[PDB]
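**Q** Quick one: the structure is below, questions incoming.
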Amino acid sequence: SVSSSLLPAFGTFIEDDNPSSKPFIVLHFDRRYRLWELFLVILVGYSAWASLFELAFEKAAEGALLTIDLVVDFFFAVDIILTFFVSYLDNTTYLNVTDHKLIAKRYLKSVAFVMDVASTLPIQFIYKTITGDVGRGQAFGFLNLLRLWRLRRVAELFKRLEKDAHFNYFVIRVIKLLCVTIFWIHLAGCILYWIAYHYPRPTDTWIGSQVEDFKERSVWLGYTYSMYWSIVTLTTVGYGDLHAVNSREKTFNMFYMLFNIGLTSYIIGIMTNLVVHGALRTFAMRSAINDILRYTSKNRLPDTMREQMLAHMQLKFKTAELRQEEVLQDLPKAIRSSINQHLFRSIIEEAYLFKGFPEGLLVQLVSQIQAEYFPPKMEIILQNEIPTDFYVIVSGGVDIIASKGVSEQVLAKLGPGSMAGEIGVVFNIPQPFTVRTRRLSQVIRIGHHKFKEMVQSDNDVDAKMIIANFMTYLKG
Amino acid sequence: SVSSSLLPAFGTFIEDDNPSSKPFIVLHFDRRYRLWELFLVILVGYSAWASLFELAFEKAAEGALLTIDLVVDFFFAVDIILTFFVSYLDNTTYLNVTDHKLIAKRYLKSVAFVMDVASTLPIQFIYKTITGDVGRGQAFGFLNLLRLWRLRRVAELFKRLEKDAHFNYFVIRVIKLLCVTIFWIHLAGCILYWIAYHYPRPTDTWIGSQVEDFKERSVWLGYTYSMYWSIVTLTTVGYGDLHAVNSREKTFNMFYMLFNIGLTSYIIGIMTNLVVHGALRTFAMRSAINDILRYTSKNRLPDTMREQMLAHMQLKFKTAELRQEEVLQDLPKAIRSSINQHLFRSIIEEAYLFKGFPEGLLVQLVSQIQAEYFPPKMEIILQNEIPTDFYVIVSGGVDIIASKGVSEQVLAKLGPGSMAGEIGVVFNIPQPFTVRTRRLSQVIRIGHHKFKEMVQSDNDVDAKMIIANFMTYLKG
Amino acid sequence: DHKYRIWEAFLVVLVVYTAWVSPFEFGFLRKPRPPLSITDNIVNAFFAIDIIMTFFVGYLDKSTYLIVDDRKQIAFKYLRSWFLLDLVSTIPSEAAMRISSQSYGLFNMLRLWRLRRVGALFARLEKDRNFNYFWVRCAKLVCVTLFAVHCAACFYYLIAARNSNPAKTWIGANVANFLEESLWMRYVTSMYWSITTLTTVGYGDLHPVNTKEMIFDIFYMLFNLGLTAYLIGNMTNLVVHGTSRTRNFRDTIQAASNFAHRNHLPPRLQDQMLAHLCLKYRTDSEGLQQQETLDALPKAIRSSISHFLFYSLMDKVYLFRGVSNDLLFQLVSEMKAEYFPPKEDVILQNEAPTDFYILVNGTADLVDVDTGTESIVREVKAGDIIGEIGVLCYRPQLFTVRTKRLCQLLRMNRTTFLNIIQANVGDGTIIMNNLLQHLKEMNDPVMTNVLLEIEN
Amino acid sequence: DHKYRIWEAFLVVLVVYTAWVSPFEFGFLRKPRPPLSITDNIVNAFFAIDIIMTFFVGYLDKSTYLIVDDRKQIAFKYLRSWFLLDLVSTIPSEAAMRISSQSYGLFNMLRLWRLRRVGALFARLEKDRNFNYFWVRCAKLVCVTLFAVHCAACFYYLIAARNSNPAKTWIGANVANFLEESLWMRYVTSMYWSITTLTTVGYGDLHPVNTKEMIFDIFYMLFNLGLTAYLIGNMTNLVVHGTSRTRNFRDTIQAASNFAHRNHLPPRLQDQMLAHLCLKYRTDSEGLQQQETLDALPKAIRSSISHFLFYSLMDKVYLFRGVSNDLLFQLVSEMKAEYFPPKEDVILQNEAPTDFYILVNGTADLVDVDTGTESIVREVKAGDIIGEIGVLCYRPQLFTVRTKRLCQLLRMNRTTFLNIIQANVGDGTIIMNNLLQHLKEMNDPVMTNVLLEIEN
Ligand SMILES: [K+]
Ligand SMILES: [K+]
Ligand SMILES: [K+]
């Protein structure tokens with residue numbers, strides 16, 4: 001109910017369930033609340049570019065950007081009002097708290113509240129209303145770095161997409177390698193241009209020694225040069241087109257080039273892992289094919305003999321696959337019993353020995369049974385051996401054989417519902433026949449030591465009706 | 001004796017009575033012959049340098065190099081006369097041929113003879129022995145590339161060093177990365193200068209525009225420049241110091257840069273394989289050890305229990321490693337039989353059940369016995385289960401427990417030479433005791449049906465004397 | 001011990017100072033100067049005091065004793081290990097200046113012998129568990145790279161300066177007057193060149209001019225070709241061995257979903273399976289999925305662990321009046337702990353009683369699902385047993401249990417209980433008497449107690 | 001089928017011709033010229049012939065039937081998939097040029113749609129066994145890289161050439177007059193720049209000047225950052241899958257040496273182990289290589305292996321003269337094969353005989369171990385059986401057999417032979433008579449019957 005709906009990454013539809021609480025409360029896994037955080041994540045992509053772009057390129061702060069920086073901020077203001085009507089899921093008790101008084105105290109005692117209220121205040125707009133219309137000082141403008149707190153939402157979204165199985169894993173872990181590098185390039189370029197702008201001598205800079213007056217020109221002309229330099233310095237191509245001349249920027253260039261080893265040495269460590277781990281199953285199966293095909297050529301065996309060997313191996317991988325699809329091992333008994341009763345109760349009752357049996361023992365006879373799976377044409381019970389157990393057929397055919405050093409078909413085919421090896425276990429005699437499979441089937445094993453005491457433990461024993469049913473079946 | 005002696009990389013001493021055929025032959029797995037090949041491999045190092053150095057830097061062909069080039073060729077001329085007295089190992093049979101008329105016919109029918117004769121022939125000295133003083137012609141000098149056929153000796157030597165277990169694998173496959181790169185660099189550096197030398201206009205060449213007269217100068221001053229350019233172009237550092245100016249050398253530069261991705265992408269593919277495949281055991285062991293620590297620390301259990309818990313698992317890895325030391329599985333019967341005779345024959349006889357037993361059947365019985373390994377304080381035979389096996393105690397010790405309530409040590413001081421599980425298998429009765437080990441030990445597994453049929457098949461069977469020994473043991 | 005650790009960790013701070021000062025003084029200076037000729041004597045004093053205090057030492061070994069005190073025995077080992085080299089790097093340079101004027105340079109590079117103490121600290125600390133393995137490789141690699149860069153820069157500037165004719169050098173061809181500038185302006189250009197060459201971003205200024213620098217650069221450009229390829233293998237190793245859990249989660253969910261779809265289970269029967277499956281990954285450390293990490297141990301260990309967990313709790317129970325030590329011990333060391341998600345049934349109506357439960361933590365409410373009504377008549381806290389009368393009387397369970405919290409319980413089947421009772425019946429007589437002595441109440445169960453006494 | 005394959009195999013080289021020609025004509029030319037405008041007509045005629053001849057053959061669907069031949073379905077399959085695109089890119093460029101001269105450049109870039117055919121040859125060749133898996137990735141990577149380089153060079157030169165004021169471009173600043181040189185000289189500089197940039201060796205000449213080339217370069221320098229990192233995974237994934245044999249061999253040899261050293265085997269018994277191991281690991285080309293994993297097959301299939309390898313040889317033997325052949329059907333089916341190194345002993349003197357062997361290849365020597373001498377009186381060739389009389393009379397073995405080549409032997413256990421003789425006693429008289437009457441060399445019947453006739 002609760003853990004079933006938190007698995008998907010985009011919520012679930014809600015219709016008249018018990019955690020409705022007050023009619024003015026919205027749940028935190030609803031679908032309408034999961035199409036509202038995506039909008040904020042999309043708008044986060046615009047509010048990280050603008051702050052850095054306005055840190056350096058002064059006199060661009062007046063224009064349409066002044067209006068957009070308020071139109072965007074209005075929504076992040078509304079979200080703070082909204083966050084008081086949202087339930088949260090407790091950790092000690094997996095019940096989800098849905099009380100207004102309990103959720104109002106959870107938020108006011110967290111640093112997230114103060115950071116959210118700090119990262120939404122208009123600094124430049126308010127300052128010019130009271131003080132002069134233009135703010136300056138070579139320092140006033142570092143408050144534009146407050147709006148870099150809103151990257152936690154993207155970091156959070158990129159954790160709800162990996163856990164889901166409806167989505168790829170080569171496509172989602174490679175789109176997370178574009179944003180990081182593009183942001184890195186943006187930051188480096190803007191910082192370098194800012195360093196160059198505020199210098200005493202304008203003809204002793206990296207741009208002032210090529211273009212005489214980089215100031216009093218267009219903004220985008222200064223933007224293209226400082227993106228070009230950053231993208232050339234990354235990726236380790238170097239022309240002599242543009243380089244550093246001062247001593248304030250040689251140090252920044254050194255520190256920028258020293259940190260770039262660990263990122264280009266990290267992209268490879270992921271693009272190698274993806275390719276290595278995507279190419280194993282084909283390797284194994286092709287190894288099997290190459291191993292088999294080498295035997296059938298050098299010895300010049302006919303075509304049918306090779307064909308049968310190649311057709312027989314395919315079923316073995318299928319048996320392994322179905323053997324690797326079992327997950328109910330260590331769940332509590334109250335669920336294993338229900339699953340077993342739903343899957344296997346019908347066929348146990350229709351057994352020739354298990355007829356007229358007390359209903360008390362059948363309940364715990366249905367439990368602690370583990371299903372099996374076998375490829376066709378394989379031995380399960382041999383001849384002249386100590387009995388150990390017996391099997392019950394479920395969904396396949398089987399054959400019965402009895403010979404010393406050869407094979408002689410006896411009796412006939414056995415469909416679902418039949419037993420196997422029941423004759424020897426009751427008389428404590430070595431098994432008098434041999435049984436081999438015919439097709440891909442599943443069987444249920446019981447055992448002998450358990451069954452020795454299981455029958456004796458009960459108080460409802462009939463007048464050896466076990467013997468009566470056994471003799472009725474054996475007579476034919 | 002056939003393949004055992006060829007395993008070491010540097011041969012083996014020869015004492016006497018070997019397949020010598022002493023008159024006029026030397027054995028090809030000898031030790032003194034294996035030190036006459038390393039000498040020629042060392043001499044190949046010098047002869048793969050002067051051959052390329054004389055192609056480009058003409059006027060160096062006259063001097064001491066001319067004398068050394070003949071002194072070295074003397075030995076490679078002697079080797080061809082030597083190689084008629086060597087023995088070879090066949091393929092269809094694994095005998096080594098020691099008849100002259102058979103080894104003589106093999107050599108003349110291959111390309112090795114003609115190629116060796118062609119390579120070991122001086123051609124520069126003779127073709128100006130009387131014709132003229134010195135040779136030229138812009139093509140006479142490509143004849144010097146015939147002496148590059150001697151690299152197969154190094155190629156063969158590096159294959160015999162990786163098959164030995166006395167030598168590393170992280171040091172032999174890393175000295176194989178220096179030689180290839182150094183040879184590649186030398187070849188490119190010589191070819192480029194050769195292209196530069198024979199050009200009409202000397203001022204339109206890569207070196208001619210930096211030094212006005214690169215000719216009429218020392219050869220070493222023209223060698224350093226062309227080595228520096230090659231090492232700069234490789235490793236992908238590029239200054240604008242020296243570049244191409246013509247159209248005859250832009251093309252060579254293009255191909256040289258295209259053929260280098262496959263090598264700089266191949267060094268990484270080996271240095272990332274050595275590191276990965278050298279660090280697995282520590283990872284697994286650390287996973288187990290830190291798996292233990294996290295659970296015990298959080299549950300606040302004292303250090304006393306964790307001291308034993310940590311030490312217990314250490315023996316598990318030792319048992320697994322000792323299990324992995326077994327390799328003889330598919331060898332013919334005549335080898336496993338003899339090994340079992342040397343290892344297991346004495347202890348089988350000294351058993352109370354097996355005393356006076358016919359020796360003709362002990363040989364059949366002392367074979368096909370596969371042992372096992374058990375960590376300390378384990379269980380092998382429980383109480384009240386169907387009989388399948390009995391055991392034999394080679395080493396270690398086991399204890400018998402039979403009290404469900406207040407379990408204790410009674411009637412249990414079993415040591416090397418005792419037996420367990422005898423009573424249950426011999427009486428066809430469910431096992432009446434449980435036996436537990438004490439330390440790391442090795443035991444023998446026999447079976448039930450096989451031991452039943454073995455005595456029945458024989459005619460001269462000890463009749464009830466086995467029963468006599470059994471009653472003597474069981475009475476007390 | 002404790003007093004020795006503090007003093008031992010002190011000298012590892014001065015080794016960095018020595019390793020930074022010595023190449024700089026070798027390359028950029030010629031004669032001693034006051035600001036840097038003061039701390040050197042202090043460092044020599046500290047190291048000399050370390051030298052004299054090395055004979056009152058004890059060492060540990062697998063074969064040798066933990067503490068060995070025979071003083072004359074230690075001397076034969078110590079004097080034959082590093083006694084000759086540990087003394088040469090302590091004489092003040094001013095004392096040795098009178099030997100030769102040109103020897104001031106080569107005498108300042110012998111202090112790098114004290115750098116061994118960092119090599120005996122990055123291997124001693126390797127074999128420890130309280131510190132992560134992620135932060136024992138990066139520090140070493142970073143230190144190696146920084147040392148290489150610094151040394152190369154200093155040597156290159158020395159080669160440039162020692163030559164005559166200041167023009168026609170890698171620095172004089174770019175700066176008109178490079179010998180008339182501050183010592184901290186010549187030190188930035190050299191490191192600029194060194195980091196430009198090591199990362200293979202060749203700009204084009206500050207390149208060699210004559211043959212000696214060409215040879216030096218040829219030898220310096222081959223070391224990096226290996227130093228760079230030895231840094232990608234480690235990163236790939238680290239990345240591949242750090243992203244295992246999430247793929248396990250995805251694979252397990254995929255397998256469970258595929259199996260459930262294959263057998264066409266009813267829609268309501270997958271929710272319990274999924275909730276239980278995810279609850280183990282939530283409590284990955286509390287013992288549900290950790291059981292096999294705990295179930296690989298012998299009998300004694302896992303029999304003694306339950307002592308610290310449930311022994312005291314099992315004493316104060318409804319039943320088990322006064323059994324001294326044995327029945328309680330055997331019953332305690334046979335249970336099986338299980339976690340249950342909130343709001344899940346554990347006992348239904350008339351469903352073939354097989355076992356009973358003991359509740360350790362959490363809360364639950366006894367529920368009587370009658371015809372059309374669901375009562376909350378009883379509520380149980382930690383300690384009480386659920387499902388007892390239905391297993392000692394072979395009668396179907398009276399009520400149902402639904403939890404309201406993440407609860408941890410205990411289990412034991414009837415067959416083991418009966419076998420234990422049959423093994424020792426004398427202590428068994430107390431249990432049935434306890435039930436009759438405790439069914440003395442004025443509420444409704446008296447009507448069924450009459451039936452019990454009819455069948456008891 | 002033979003005729004069909006050749007035609008499409010012919011129609012893949014023309015695709016390469018188009019993929020080279022079309023971008024070059026787009027970039028470096030503006031008006032048709034004879035030498036490069038004639039083969040276009042030929043290739044267009046060939047592709048038109050291909051287009052018209054597509055309804056004379058039927059598609060094949062495996063699931064629907066073994067083979068499908070139809071009329072209506074082919075029309076719908078061809079019409080609704082790629083008919084329009086294939087039809088439109090066939091009109092001669094001369095015909096449509098009269099619409100406008102500017103269309104002649106952009107029109108020729110539509111012929112790249114025919115590049116899907118290479119996408120088929122690299123999908124049909126992947127699922128095959130006659131071609132390795134290593135020569136199907138390198139070619140793809142090489143082709144992709146070369147195509148990228150060529151396209152980038154052509155587009156960059158086009159951007160350069162379309163400009164006015166021929167100076168202030170990436171090429172005008174380097175050569176004063178670039179429009180007055182040969183057409184094959186302007187095509188080398190562009191490729192020089194392209195491969196200089198793609199391999200990240202930036203020399204410094206031929207760099208962008210104005211903003212359009214800066215933007216193009218910014219966009220071109222990001223694609224390589226992924227294309228280069230994609231080529232190292234495919235090389236590590238190749239190096240790892242190529243060095244598995246040698247490591248296994250070294251591990252096995254080391255393990256065997258550890259075993260022998262731990263149990264202290266005698267020097268003359270380790271040689272047989274280290275000889276058989278080497279023989280097995282160098283006999284991996286044929287024989288007992290797959291039989292380690294060929295034992296997982298059912299008995300029905302494995303029973304047919306012996307029929308085509310030993311049944312014909314089993315017919316003509318010393319024994320088994322005349323039989324119903326029912327016995328042989330099981331005797332051959334219960335046989336095992338082994339290999340022996342040259343100069344190895346298989347049978348010693350008087351050591352409780354248990355088996356008898358059949359010789360298939362090679363030679364063997366029968367040697368009597370007399371008092372101090374070893375004679376070579378009897379030599380056996382392939383075909384005969386050794387040890388028959390000693391195992392059918394409960395007598396110790398007569399002589400010792402030593403091999404002299406690389407042999408191959410068949411083995412049967414005496415217990416199974418006794419079991420099969422007991423199962424069919426009637427046919428045993430034939431075997432007994434065959435043993436009795438065939439002793440036909442000097443001294444042989446009497447030495448065999450020294451006690452047999454007494455005990456017969
Ligand atoms: K580079
Ligand atoms: K570069
Ligand atoms: K450059």
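Every chain in the structure tokens takes a letter, A first, then B, and so on in the order presented; its residues are numbered from 1, and the ligands are numbered from 1 following the presented order.
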Wanna dump the chain B-chain A contacts at 8 Å for me, each residue with its shortest atom pair and the distance in Å to one decimal, counting only C-alpha atoms, ordered by chain and number, as CSV?
**A**
residue,atom,partner,partner_atom,distance
B:238,CA,A:238,CA,7.6
B:385,CA,A:449,CA,7.0
B:386,CA,A:388,CA,7.8
B:449,CA,A:385,CA,7.2
**Q** Please check the contacts: residues of chain D at most 6 Å away from chain A, using only C-alpha atoms, listed as an mmCIF file with C-alpha atoms, in the first residue's frame.
**A**
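So the final result, stored in out_28.cif, reads:
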data_model
loop_
_atom_site.group_PDB
_atom_site.id
_atom_site.type_symbol
_atom_site.label_atom_id
_atom_site.label_comp_id
_atom_site.auth_asym_id
_atom_site.auth_seq_id
_atom_site.Cartn_x
_atom_site.Cartn_y
_atom_site.Cartn_z
ATOM 1 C CA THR D 200 44.549 16.969 -29.980
ATOM 2 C CA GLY D 202 47.521 21.744 -31.690
ATOM 3 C CA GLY D 204 49.269 26.713 -33.717
ATOM 4 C CA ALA D 229 36.507 8.080 -25.108
ATOM 5 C CA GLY D 233 36.487 0.895 -23.875
ATOM 6 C CA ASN D 237 37.260 -5.057 -23.786
#
**Q** Using only C-alpha atoms for the distances, tell me which of C:300, C:232, C:309, C:386 is nearest to chain D.
**A**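 Selected residue with least distance to chain D: C:232.
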**Q** Looking only at helix (DSSP H, G or I) from DSSP on the backbone, list the matching residues of stretch 153-250 of chain B as a PyMOL selection string.
**A** chain B and resi 153-160+178-197+219-236+250
**Q** Select, from B:437, B:3, B:83, B:233, the residue with the minimum atom-to-atom distance to ligand 2, counting only C-alpha atoms and all ligand atoms.
**A** B:233
**Q** Please identify all polymer residues within 12 Å of stretch 138-144 of chain D, counting only C-alpha atoms, omitting same-chain residues fewer than 2 positions from it, and present them as a PyMOL selection string.
**A** (chain B and resi 258-259+261-262) or (chain D and resi 16+19-20+118-119+121-123+125-126+132-136+146-151+227-228+230-232+234-235+238)
**Q** Using only C-alpha atoms, find the one residue out of D:203, D:131, D:107, D:76 that sits nearest to chain C.
**A** D:203
**Q** Would you pick out the contacts of residue B:426 at 12 Å or less, using only C-alpha atoms, so that residues sharing its chain but fewer than 6 positions from it are not included, and give the list as a list in words?
**A**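 Result of the neighbour search: residues 353, 387, 388, 389, 390, 420, 447, 448, 449, 451, 452, 466, 467 and 470 of chain B.
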**Q** Fewer than 6 positions away in the same chain doesn't count, so skip those; otherwise give me all residues within 10 Å of stretch 168-174 of chain D, counting only C-alpha atoms, as a list in words.
**A**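 Final neighbour list, sorted by chain and number: residues 156, 157, 159, 160, 161, 186, 189, 190, 205, 206, 207, 208, 209, 210 and 213 of chain D.
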**Q** I'd like to know which of C:93, C:456, C:197, C:64 is closest to ligand 1, using only C-alpha atoms and all ligand atoms.
**A**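 Closest to ligand 1, using only C-alpha atoms and all ligand atoms: C:197.
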**Q** Residues near residue B:89, anyone? I mean within 10 Å using only C-alpha atoms, not counting same-chain ones fewer than 5 positions away, as number ranges by chain.
**A** B: 2, 28, 94-98
**Q** Could you give me the residues within stretch 24-177 of chain A that DSSP places in strand (DSSP E or B), as a list in words?
**A**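 Of stretch 24-177 of chain A, only residues 26, 30, 86, 88, 89, 96 and 97 of chain A fall in strand (DSSP E or B).
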**Q** Please dump the current selection as a compact mmCIF listing (two decimals), in the first residue's frame; keep N, CA, C and O atoms.
**A**
# COMPACT_ATOMS: atom_id res chain seq x y z
N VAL A 26 -2.61 17.51 0.82
CA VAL A 26 -2.16 16.81 -0.37
C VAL A 26 -1.05 15.84 0.02
O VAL A 26 -0.17 16.18 0.81
N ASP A 30 1.49 11.85 -4.63
CA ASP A 30 0.45 12.02 -5.63
C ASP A 30 1.07 12.38 -6.98
O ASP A 30 2.21 12.83 -7.07
N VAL A 86 1.82 19.78 3.14
CA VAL A 86 2.38 18.57 2.57
C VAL A 86 2.79 17.63 3.69
O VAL A 86 3.53 18.02 4.60
N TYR A 88 4.58 14.22 5.44
CA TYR A 88 5.89 13.59 5.38
C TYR A 88 5.83 12.21 6.03
O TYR A 88 4.99 11.95 6.89
N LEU A 89 6.73 11.33 5.59
CA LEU A 89 6.75 9.94 6.03
C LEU A 89 7.78 9.78 7.13
O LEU A 89 8.98 9.99 6.91
N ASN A 96 2.70 7.72 7.83
CA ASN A 96 2.98 9.06 7.33
C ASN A 96 2.19 10.08 8.14
O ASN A 96 0.96 10.00 8.23
N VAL A 97 2.90 11.04 8.73
CA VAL A 97 2.27 12.05 9.57
C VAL A 97 1.47 13.01 8.70
O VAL A 97 1.97 13.54 7.70
**Q** Atom CA of residue B:391 and atom CA of residue D:412 are how many Å apart?
**A**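 Between atom CA of residue B:391 and atom CA of residue D:412 the gap is 28.8 Å.
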**Q** Just want the 9 Å neighbourhood of stretch 50-62 of chain D, counted on only C-alpha atoms, with same-chain residues fewer than 6 positions away dropped. Output as number ranges by chain.
**A** D: 68-71, 73-75, 77-78, 83, 86-87
